[PDB]
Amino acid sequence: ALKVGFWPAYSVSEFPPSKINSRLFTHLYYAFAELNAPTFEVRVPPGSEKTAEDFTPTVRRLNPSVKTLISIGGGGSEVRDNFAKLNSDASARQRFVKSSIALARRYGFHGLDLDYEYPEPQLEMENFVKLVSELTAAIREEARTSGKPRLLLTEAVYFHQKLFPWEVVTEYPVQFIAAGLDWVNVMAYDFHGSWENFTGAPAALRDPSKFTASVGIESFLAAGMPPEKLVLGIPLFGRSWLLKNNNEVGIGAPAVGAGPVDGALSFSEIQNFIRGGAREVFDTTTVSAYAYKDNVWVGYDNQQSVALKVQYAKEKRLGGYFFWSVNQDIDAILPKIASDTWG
């Protein structure tokens, strides 16, 4: 059972790695190493070398069995642009592969992760295939020469197997992925947010809508992905809106922009929101929660919806679950219920 957490280096001042409850995880990811175009000598952001080095020893002090991976990239457009430039250039791909493996060993990580959002259109999938095939081979070669177990290799994927389900330009090659990677982290959230002028469940497990975690998972399984290669993503943040009218507070209510903070609110801040007078509602239709006060509305996962999602993952025979990102639940409320549920 994979119990995965992502720790983002940006959060180091307020949430250093020592604050992670690593007893609740099997694998903890450092986010992110940078691609470092144009050389593509992959590296942690200069100035964070000590934080990167200390990450794994620190988290293992509370749970020595926990393993770590370093994630390369991130969800931004600059990262996507850099992957697209990288993957078209065979020499650059070689530099990336060599440097990424050396990076993981340098800092004591047990694996590598690619966060490329997303390998589309078709040309970009084709070139990403070249990168990942070369990386898989180099990982196996390094295990042979070094004598150590091979580095784990994972990647972030869109919630759905098709890019995109409403207009298919390419799709994740599941047999390829299952052969070359240990698992994929399915980003089964961010379906709805302040970019829409109505409230919704940002990470709905299901809906009687096609943008749901279950529909996405179904698509990977239908394509032939071994269930154990799928790790279900669960957010530790909510998406927030400003309401058009304070007496329209349910799902589908009209909205007029992003709520705090610029449309995203950590679970810990949502707990504060509720303690400060917001009303929490569990929505059984979507398997999600929302909370509102005056003109602010936030959709998120709570103790009930997380337990239901984790049991869903168990019933669908998935490899496990992941949380993005662990700094957003400072008391580790949701990681605790998730771990208890799978156990």
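Don't overthink the numbering: it's just position in the shown sequence, from 1.
The gap between residue 208 and residue 209 holds 1 to 3 unmodelled residues of the deposited sequence. The deposited model assigns a higher average Cα B-factor to 41-49 than to the other stretch when 41-49 and 55-63 are compared. Looking at 241-249 and 128-136 together, the entry lists the larger mean B-factor for 241-249, computed on C-alpha atoms. In the deposited coordinates, the residue among 111, 73, 254, 108 with the greatest CA B-factor is 254.
The residue among 273, 158, 176, 195 whose C-alpha atom has the highest B-factor in the PDB entry is 195. Residue 13: CA B factor in the highest third of modelled residues in this chain (values from the PDB entry). Among the modelled residues of its chain, residue 235 has a C-alpha B-factor that falls in the lowest third, as given in the PDB entry. Ranked against the other modelled residues of its chain, the C-alpha B-factor of residue 221 as given in the entry falls in the highest third. Residue 154: CA B factor lies in the lowest third for its chain, per the PDB record. In the PDB entry, a CA B factor belonging to the highest third of its chain's modelled residues is recorded for residue 164.
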